[PDB]
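Novice: Sequence unavailable; structure follows:
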Ligand code: CLA
Ligand code: CLA
Ligand code: CLA
Ligand SMILES: CC1=C(/C=C/C(C)=C/C=C/C(C)=C/C=C/C=C(C)/C=C/C=C(C)/C=C/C2=C(C)CCCC2(C)C)C(C)(C)CCC1
Ligand code: SF4
Ligand code: SF4
C-alpha cells in the first residue's frame, strides 16, 4: 500500500531569509555569536526539533535524493574532466609508461609547474584515483563516451534533485509506507542488488569483454569497434569466444556449459594486464545476480508467502538470552539512529574489505603495476572505512539516549547487554591492556636489545621467533585450493597466498606476501588499536543513559560538555566525547594499518623484476629485520621514504611538499583547542570587546567563546585534517617518485 | 564537604532547589517581607560540587555559590 | 528572492569572490608586482 | 521506618549495583508504592517492574535515589516516594522528603543554614584574612 | 625445550592434557561419587574412579597434541 | 538482588575448585595455607627465567635463572608485608576474621609463603638441572 | 494429517489462489487458466524429444503433437463430465468439481485455453 500527502509544503523562497526556521529557539534571532554555532550544528539533526516520526522521516527520504544528486554532480566532474582535460586517449595507446593525468592547472602565478611532463602530448597533475583503469575496464575507447556520460550523469544529477523535491514538497509518503522493511528488503536485494550485477553483467559481456579482450592483444584503440557494433553485428562478436553463434539457445535449453568461453572461472591475474579476468567478473556478477534475486523473494509482502521479521526474531531465543530478539524488529522500524549505526558499521567495514580485496586481487587492467594507484585505493577506502565505524558508534549512542525504551525492551538482548555492561567493558579493558603490553611492549623490548647491542635477545627471525602459524596455515590452505577444493579454478583466488609472481611491463602485479615474525608483530598492534577503538566506542554506547557516577546521563542529552567539576571532575562524561575520543584512536588505528601496508608492499611485494626472473623490490626487503623496532620504523620507513616529499620543491610534486608542511601546520593548530579550555578564551573576548566598545563601533551581536564541545569538535576536526593530509601528502609524493 | 552559601539576592524562584541532583538545597521562609523565600543548604555534606544549582539561578550573579572544599567518599560519588 | 542574497554566508562568499577575483586578474595582467615601479 | 524487607521488584541482573561498599559502609534504599505494573529504567541497567507494593530497592548512593524520584514523578505521576539511608552501617533514615513535604516547596519552621547576608563581591578579600582562620565566604 | 630434554618436554604436554581434560571433562560427569573411594580414605575432592578417567582422557588428548605437533 | 542470574553463575564444577583452593579453604591454619600458595607460585616462576633469560645457553642458565625466581619471591614476601603494615594497622577487626579480612595470621601467611617460595623454586632447579 | 505442509500459510496462499480453488472465477475462465497453464508447457517435451527432432519441422510437428494430447484431454474432461455428472446429481458441497454447474463450458475453456496456449507458444521457439 502506498499512501501519500500531496504538497504539504509549497515552493517558497520566503523561509530562506530566516535561518533556523526549522527550529524553535533559533527562529527568533541571535543574541550572542554562539547562535551561529548553535545553528550550524543542529541543522541536519532532524529529531532535535521535529517530534513527528512521520515528518522527520520525510525529510530524510528527500535529503538522500539530494545526496544522490551531489555524487552524480561529482561523478560527472570525474567523467567530464576525463575527456577534455585528460590524456586518456593517449593512455589507451600505452598503459605502461604514461601516468594518468587530469585536473590541468591554469597558467598563472607559479602553479604552472604542476602541469609537469607526464606523458603523451599532455601537461597536467598526475592523478591516482584509477578512473583511467575504471574506464578501460568499462570499455571506454573514445573520449566522446566520457563526455556523454557527464551530461548523462548531469541529467541524472538533475533528475535526482527534482525527485527530492517531488517526494517532500509535492508527494510526501507516510510512515506506514516507510515502516515496510520486508518489502523494502525484497526490492533493494531484488531491484537494486539483483539487477545491479545482472545489468553490469549485461554491460560487461556485450561491451567490456570484447574491447578489453582485443586490447590484451592490443590491436589499436581506434581499430577496436564501437560498443554498439557488438550487438548489431552477429559475426563480429562471435569471432572471439564463438558462443554467440549459438545465441541464447544454450541458455534456454539449460545446456549452460556451451558458455565456457566468456562466462568462465579462470581465476588468476590476466598476465598481460595484471588485473582480474573480466570473463570471471562477468560470471561473478551473473552468479551475484541470481543469488541476490533469489535473496529478494524471501520477505513477506501482500502475497501471503515469505519470512516476516517480527516472526523470526521471536523464537530466536535461548536459555542464555532470555527473551532473545523480542522487540529488536520493533527498534529498527522505530528509530532512524539505530538504523544508521548498523548501516554505517557494515558500510565502513565493507570498504576496508574493498581495500583488502583490491590490492591482492587487482580487478582492473594496469591498476596493479601502477603503484601510484593501487596504493591510493587501499588507503582511501580504509580511511573512509574507519570514519564510518566511528559514525556507527555515534548513532548507536544517540539511539541509547533518545530512542531506546526500557518499557518495550524488558529482559531481551538490549536489556541483557545493558545489565552486564561492566563485564563487557572490564574484560574489554583487560584485553586492551594485555594487547598493548604483548604487542607494543614487544617493540620496546625490541628497541632496547638493538640499542644495547643484543640482537640475540630481541624478537626477530634470527632471534626469539614469534611465528604466525595460524596466518601461515591459512595462507597455505588458501594457496593450495585451486585443484583440490576449487578444481574448476585454474589458478588460485589470488597470488597473495601462494604461487608464482606475475609481471606487467617490468613491474610486479602480485607476489605472495609472506608473514614472518615482523608480520606477527604488527598484526597484533592492529588487533590492539582496534580493541581500544571498540572500547572507547562501546563504552560510549553502553553508559549513554546512566552509570554509577551519573544516574541521569540520559537526561543531559547526547552532546553535553561535562557535568562540572563535581565528584572530582566529570569533564567528558558524554557519549559525544567518547565519539570525540575514538576519532583519534581511529586515526591511530588506521594510520598504522597504512604504515603496515605501504611499507610491506614496497619492501617485499612491489618492485622491479629482472628479465632474468628475480625481483628487486623498492625499499629492499628491510621489513624483516628493520620493522621489528621503532627506530627501524622511524629511520627506514618514516625518515627514509619522506626524502622525496621534502625534496619536492622545483618539481611537479611541489604542491605535495607544501601540503606536507601545510598539514603539519593545521595539526599543530588543533593542539591549541584540545589543550585549552573555554574560560580562558572567553575572558580574552572581554578585554577585546572592551576595545571594540572603546571606539564606538561594537557589534550588537555580542561575541562569546566557542562552546566546549565546539572547542572539542574543532580540535579533532583540525587534528584529523592535519594528520591525514600529512599522510595524504606523504603517500603521494613517495609512490609517485619511486613508482 | 563543599561549602554552599546563599546570598541575599535570592528572588525565591525555586530553580536552584529543583536542580540539585542529591537534594542538598531547600527553600525556606524569608522574614524581610514574609512572602518570599530564600534557599538554604542544610545538607552540604552531600554536595558533590556538580554546580547544577548555580546554573539555575536567574539573577545576574548568583544567589547561591559553590566553593569546593574537602573531598569525601560521599562528595566523590563513589558507589564503591 | 533577493532577501536570501542579503544573508550572511552568501555575501561572505560573493564579496570574497570578486575581491579574490580582483587579485587574480591583475596578477595575470601584471605579473610580479614586487616593488612599486 | 524502613520495613525491611519490603518486596523488591522482580529483577534478576545488573553487574552494576550495590557492591562491597554496601557491606562495609553506608548503603541506601528508596520506598514508594507502584500504582500499576509499569517498567522503568533503573540507575543500574534498565528494567525492574513497579509492583502494587511496598517497592524497595537498595540503590548505591544518594544521587541515584534522588534521580530515580525525578524520573518516577515525571513519567509515572507518583509523588509518594520515601528514600532512606540505612541502619547499622549507614547514618540517617528518611533523608527525603525531610519535612514530610517536598523541600522544593517552602514550609514554616525550616532553618536558613549557609546564608550570607551580602553580595559575593561584598565578601571580604583573601588579602584581608591572611593567617586568620575566618573563612572568606563565611559570615 | 632449551633447558630440558626432547623426550622430557612431552611430559609437560601429557600432564597438561590431564589438567586440560579434567578442567572441562570433570564438570561434565553427571553421576559422580560412585565407588570405590581413595586407598587410605583420604577425603579428597574427587573419586579415584573419576580421576582414572581423566588420566585416561588426558592420555588420549595428550596423544593427539604430541602427535599433532 | 545485587548480582545477576545467568545459567553459569555459581555453577558447581567451578565452585569445587573455588571452595577447595588453599586460600578459600575451610580448616587450614594461616601458617600452612600460605605454604600451599608458596609451593604453587614458586614452582612455575622458575619457568620463564631459565628458557627466557639474558644467558640461556651456558652452564648456567637454570642455575642463574633460578636465582631470580627466588629473587622474585623475596620481593613478593616484601610486598606481602607492606600489605600487612598498611591493611592491618593492628589487624583491625572486621566482618569475617579470615586470613584476609582481619589479619591475625598475616606474618604466618608471609612466613608460610616464603618457605615454599624458596622450597618449590629450587626443587624445579633440581628437576631441571638434574633429572 | 495435521502437520505441517497441509497447514502452512505458504501453501494455503498458493492452494486457494489457484483457479481450481479460487472463489471469484467462472467455469469458462477457471477452466481457462487451468487450460492456459497445462497447455503451455505441453509443447515443451515434443519439440525437444519426439519421433523426429532434428528437422524443420521439429517445432511444427512438436507443436502439432502438443494439440493432439489436448483434443484427447477435452474428451477426458468431458468424459469426467459424462460419467461423474450423469443426470447432474448434486452433493453436499456443489462447487465446480463436486457437482457440475459449469461443466459444459469448462470442457471448452480448456479447449480455448489449451490449444490457445500452443498457438501462443509456437511463435516463441520457432519464431521471434
Ligand atoms: C557480491 C559482491 C560483489 C563483489 C565482490 C563485486 C566485485 C566487483 N565488482 Mg561488482 N557489483 C555488485 C556485487 C559485487 N561485485 C553489486 C551488488 C552491484 C550493484 C550495486 C555491482 C555493480 C558493479 C559495477 C557498476 C562495477 C562493478 C565492478 C566490480 C569489480 C571491481 C572491484 C570492486 O568492485 O570491489 C569489490 C567489492 C567488494 C569486495 C564489496 C562487495 C559489496 C557487496 C554489496 C557485498 C554483498 C555482501 C555479500 C553477500 C557478502 C560478502 C561480504 C564481504 C565479504 C564483501 C569486482 C570484480 C566494476 C567492474 O566492472 O570491474 C571490472 C564495475 O564497474 N560492480
Ligand atoms: C604514545 C602516547 C600514548 C601511550 C603510551 C598511551 C597509552 C595508553 N592509552 Mg592513551 N591516548 C593517547 C596517547 C597514548 N596513550 C592520546 C594522545 C590520547 C588522546 C586521544 C589517548 C586517549 C586514550 C583513550 C581514550 C584510551 C587510552 C588508553 C591507553 C592505554 C591502553 C592499554 C595498554 O596498552 O596498556 C599497556 C600499556 C602500554 C602499552 C604503555 C607502554 C608500556 C611499556 C611498553 C611497558 C612499560 C616499561 C616499564 C616496565 C615501565 C616502567 C619502568 C620503571 C618502573 C623502571 C595505554 C596506557 C585506553 C585505556 O585506558 O584502556 C584500558 C583508552 O581507553 N588512551
Ligand atoms: C638500576 C638498578 C638495576 C640493576 C643493577 C639491574 C640489573 C639487572 N637487571 Mg635490570 N631492571 C631495572 C633495574 C636494575 N637492573 C629496572 C629499574 C627495570 C625496569 C625497567 C629493569 C628491567 C629488567 C628486566 C626485564 C630484566 C632485567 C635483568 C637484569 C640483570 C641482567 C644480568 C643477569 O641476569 O645475570 C644473571 C643472573 C641472575 C638472573 C641472578 C642474579 C641475582 C638475582 C637478581 C638475585 C638472586 C636472589 C638474591 C639472593 C636476592 C634477591 C635480590 C634483590 C633483593 C635485590 C641484572 C641483574 C634481566 C634479568 O635477568 O632479570 C633477573 C631481565 O630480564 N632488568
Ligand atoms: C594446562 C591447563 C591447565 C593447567 C595449568 C596450571 C594450573 C598449572 C599449574 C601447575 C603448577 C603450579 C604445579 C605445581 C607443582 C608444584 C610442585 C610439584 C612443587 C613441589 C614443591 C615442593 C617439593 C616443596 C616442598 C619443599 C619445601 C616447601 C621446603 C622444604 C623442602 C621441599 C623442597 C620439599 C588448566 C587447569 C588451567 C586448564 C587446562 C589447561
Ligand atoms: S538561589 Fe538562585 S534559584 Fe534559588 S531562589 Fe535564589 S535566585 Fe532563585
Ligand atoms: S553543587 Fe550540585 S549537588 Fe551541590 S547543591 Fe549545587 S547542584 Fe546540588
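Specialist: Sure, I can see it. Residues are numbered from 1 along each chain as shown, chains lettered A, B, ... in the order given. Ligands and ions are numbered 1, 2, ... in the order given.

Novice: what's around the residue of chain F found nearest chain C, how many residues?
Specialist: The nearest approach of chain F to chain C comes at residue F:4, 53.9 Å away (CB to the nearest CB). Using the backbone N, CA and C atoms, a C-beta is placed for each residue, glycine as well. Neighbour count for residue F:4, taken as other CB atoms under 10 Å in any protein chain shown: 18.

Novice: Spatially, what comes nearest to it if we skip its sequence neighbours?
Specialist: residue D:13 (4.7 Å; CB to CB, 6 or more residues apart in numbering or on different chains).

Novice: what separates that neighbour from ligand 2, distance-wise?
Specialist: From residue D:13 over to ligand 2 the distance is 25 Å, taken as CB to the nearest ligand atom, to the nearest Å.

Novice: For that residue, the count of nearby residues, please.
Specialist: 24.

Novice: ok, the residue of chain F closest to chain C - contacts?
Specialist: A:419, A:420, D:12, D:13, D:14, D:15 (CB atoms under 8 Å, 6 or more residues apart in numbering or on different chains).

Novice: Spell out for me the PyMOL command that would select the buried members of those residues.
Specialist: Entered in PyMOL, the line below selects the buried ones among these, by 16 or more other CB atoms under 10 Å in any protein chain shown:
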select buried, (chain A and resi 419+420) or (chain D and resi 13+14+15)
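
Novice: picking that back up, is it true that the residue nearest to residue F:4 lies in a helix?
Specialist: No. Read with DSSP: H, G, I helix; E, B strand; the rest coil, residue D:13 is coil and lies in no helix.

Novice: surely it meets residue A:420?
Specialist: Yes. Contact criterion CB atoms under 8 Å: residue D:13 and residue A:420 qualify, at 7.4 Å.

Novice: follow-up on the earlier one: can you confirm the residue of chain F closest to chain C is in a helix?
Specialist: No. Read with three-state DSSP, residue F:4 is coil and lies in no helix.

Novice: Let me know the distance separating it from residue A:492.
Specialist: 49 Å (CB to CB, to the nearest Å).

Novice: Provide a list of residues in contact with residue 28.
Specialist: I went with chain A, as the question did not name one. residue A:20.

Novice: meant chain E, my bad for not saying
Specialist: Neighbours of residue E:28 in contact, by CB under 8 Å, 6+ apart: residue F:13.

Novice: Identify the residue nearest residue 16 in space, chain neighbours excluded?
Specialist: If you meant another chain, say so; for now it's chain A. Nearest in space to residue A:16, with sequence neighbours left out and distances taken as CB to CB, 6+ apart, is residue C:4 at 4.1 Å.

Novice: nope, chain E please
Specialist: residue E:62 (7.8 Å).

Novice: Which of the helices or strands spans whatever residue of chain F ends up closest to ligand 2?
Specialist: Going by CB to the nearest ligand atom, ligand 2 is nearest to residue F:75 of chain F, at 13.1 Å. Here residue F:75, judged by DSSP states H and E, is contained in helix F:61-87.

Novice: How about that helix and chain E, any contact?
Specialist: Yes. Using CB under 8 Å from any CB of the partner chain, helix F:61-87 reaches chain E at F:61, F:62, F:65.

Novice: How far away from the center of its chain is that helix?
Specialist: Distance of helix F:61-87 from its chain centroid, counting by CA atoms, centre = their mean, to the nearest Å, is 10 Å.

Novice: Buried residues in the following helix or strand past it, which are they?
Specialist: Following helix F:61-87 in sequence order, the next helix or strand is helix F:106-129 (DSSP H and E). Neighbour-count burial for helix F:106-129 flags F:106-118, F:120-125, F:128-129 (criterion: 16+ other CB under 10 Å).

Novice: who touches the residue nearest to residue F:4 in this structure?
Specialist: Counted by CB under 8 Å, 6+ apart, residue D:13 has contacts A:415, A:416, A:419, A:420, D:44, D:45, F:4, F:5.
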